[PDB]
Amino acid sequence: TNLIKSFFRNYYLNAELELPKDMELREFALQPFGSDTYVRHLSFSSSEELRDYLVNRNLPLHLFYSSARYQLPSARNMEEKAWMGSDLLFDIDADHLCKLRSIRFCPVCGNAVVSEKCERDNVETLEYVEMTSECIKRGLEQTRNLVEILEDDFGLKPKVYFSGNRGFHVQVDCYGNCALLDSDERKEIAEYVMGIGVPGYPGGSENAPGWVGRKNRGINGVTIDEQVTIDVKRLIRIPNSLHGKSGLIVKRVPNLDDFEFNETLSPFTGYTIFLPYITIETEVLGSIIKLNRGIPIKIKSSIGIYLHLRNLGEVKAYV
């Protein structure tokens, strides 16, 4: 019996997701537990039919819904889906930003191993990426400049979401001609945000419009995963759902100033008995934790499930 699935199953039972208005016109996709193949081409017409499916049919380790609207969402033939517009998306990754500590070890012996398998025990090696709150602070600067560009240069009304793991998401819900932009008409918007073709305006005022005033305020380009903006058919992670590599809520950020990276992002309460793999002095969810290999520790469920999904150990019991 998988203990993590029960935590996820218990959440989606009572949790209310942030689903769009045109719910019946979007393709749903998820990643089940214990597998890597994606189950897509799903169509749901209400939040009660989706709640029925996640709890009783296929529990999602990751849960997405398509950014594009389709008149026939559950069709495999591409042109049979009848594409009728898609939202504008922006993803800010921490890959380029902070570059974090990362160890690779064997879950049995505990020694640091670079190869795919440990030569002693013949097991798959695991990797742990230390997500620090300082990285979230750096990434939070980019979403502030990105929202500034989308509001002062395009007149758009974007929403900010926490990605559930490493970065943030910026989504602009559009229904008119903004949703019919081509893949190349979205790349001119992406490279405008990144400051690719933007020339250096070396002697402009700080009150100048566009990039002239922004280049002189000390702000350069915005670091985004430009592949998300180019794609006209993307899978948006459903807000208020759970991430598969942390177990945190995809929470909408109404104000970027009072966003804290702590245990409040995880909905799980109670305590768990956590059996670590490695002795490490790492920062987890805003605080430093010292784990000892093979010595069980009683920590909160919010911090226990987080370490389990980052391959740092195992959750053995719930108390």
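Numbering starts at 1 and follows the sequence shown.
**Student:** 162-170 versus 208-216: which one carries the higher mean Cα B factor per the record?
**Tutor:** Between 208-216 and 162-170, it is 208-216.
**Student:** Mean CA B-factor: is it higher for 76-84 or for 133-141?
**Tutor:** The deposited B-factors put 76-84 ahead on the C-alpha mean.
**Student:** Quick check on the deposited entry: does the C-alpha B-factor of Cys98 sit in the lowest, middle or highest third of its chain?
**Tutor:** As the PDB entry reports it, the C-alpha B-factor of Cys98 lands in the highest third of its chain.
**Student:** How does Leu307 rank on Cα B-factor within its chain, lowest, middle or highest third?
**Tutor:** Bottom third by C-alpha B-factor.
**Student:** Please place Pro32 in the lowest, middle or highest third of its chain by C-alpha B factor as given in the entry.
**Tutor:** Within its chain, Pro32 is a middle-third residue by C-alpha B-factor, going by the deposited values.
**Student:** So where's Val284 on the chain's Cα temperature factor ranking, which third?
**Tutor:** Middle third, going by the recorded CA B-factors of the chain.
**Student:** Against its chain's modelled residues, does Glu127's Cα B factor rank lowest, middle or highest third?
**Tutor:** Its C-alpha B-factor belongs to the lowest third of this chain's values.
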